[PDB]
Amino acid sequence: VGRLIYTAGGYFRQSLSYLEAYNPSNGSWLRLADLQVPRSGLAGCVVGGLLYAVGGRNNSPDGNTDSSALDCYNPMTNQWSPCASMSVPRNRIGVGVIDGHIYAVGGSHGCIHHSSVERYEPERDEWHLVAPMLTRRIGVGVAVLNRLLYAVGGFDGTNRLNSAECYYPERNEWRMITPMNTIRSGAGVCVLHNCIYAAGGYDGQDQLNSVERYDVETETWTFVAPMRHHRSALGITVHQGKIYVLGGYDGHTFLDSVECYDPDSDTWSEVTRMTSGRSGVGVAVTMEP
């Protein structure tokens, strides 16, 4: 009990510093301490009950600055603290956690599209590079299942991608997996039960509402019910056996919609609205502050 869905940063007109937390048990939102630097295109994750904001870009009137930053929010104090920075700025990043370590995957720095990957050790406050992906990927969806790290879709600088790959830590090696049925860049990717879900994204022409899942045993991708709203640059997380998608861009509006997927019924429902529409947030779940 006592866990909230935290949304950090995002974009509406400019990059945002908001940190807000939604309580599924009572529908409430809390506004918490702002990020030190506004950022969109970041990712969130949690290790040891602390929330981390990783990478992104500050789109502002004074300029556009890609972020190498790692910042840590402690719900007990409602304070952000800087951590060691990554080796390189990474906007439109994906992150995943394996055994207490944060993997930062891909992303962009100006016109550079990264294949590089680095791993953070909270106990030592150090980053180190690991093997790079087989493909350069920005807007990459990342998730961890059974202590394996998946990188899904994205944009390589020329093509939006349906391809996906998996990192096997004990071999420090990436291998391609079955490609998705749909090209998706800037999708939401998460794990639920024994599958990697990819929701929404942009296929080069349209924002998507379709959702597909990769069963890691059978190596197949299967479509599930589509979301009510097409969305790119959505936030995504899992909480108590359901997927939550937050915001994004539908080609017309920066959405405030939050939808929730129930895998038992294979249905999506609208569960709340963010306090304002935005895209490009980072999202994770930890204890209330």
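The first residue of the shown sequence is 1; numbering continues from there.
Taking the mean C-alpha B-factor of each stretch as recorded, 156-164 and 111-119 are not equal, and the higher mean is that of 156-164. Of the two stretches examined, 93-101 and 198-206, the record assigns the greater average C-alpha temperature factor to 198-206. Among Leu70, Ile236, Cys45, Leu30, the highest C-alpha B-factor in the deposited entry belongs to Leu30. Within the listed group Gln79, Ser87, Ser185, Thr178, the record reports its top CA B-factor for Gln79. When all modelled residues of the chain are sorted by CA temperature factor, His128 is found within the middle third. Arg147: CA B factor lies in the lowest third for its chain, per the PDB record.
Compared with the other modelled residues of the chain, the Cα B-factor recorded for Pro169 ranks in the middle third.
Among all modelled residues in this chain, the alpha-carbon of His252 has a temperature factor (C-alpha) in the highest third. For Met274, the recorded CA temperature factor ranks within the highest third of the chain's modelled residues.
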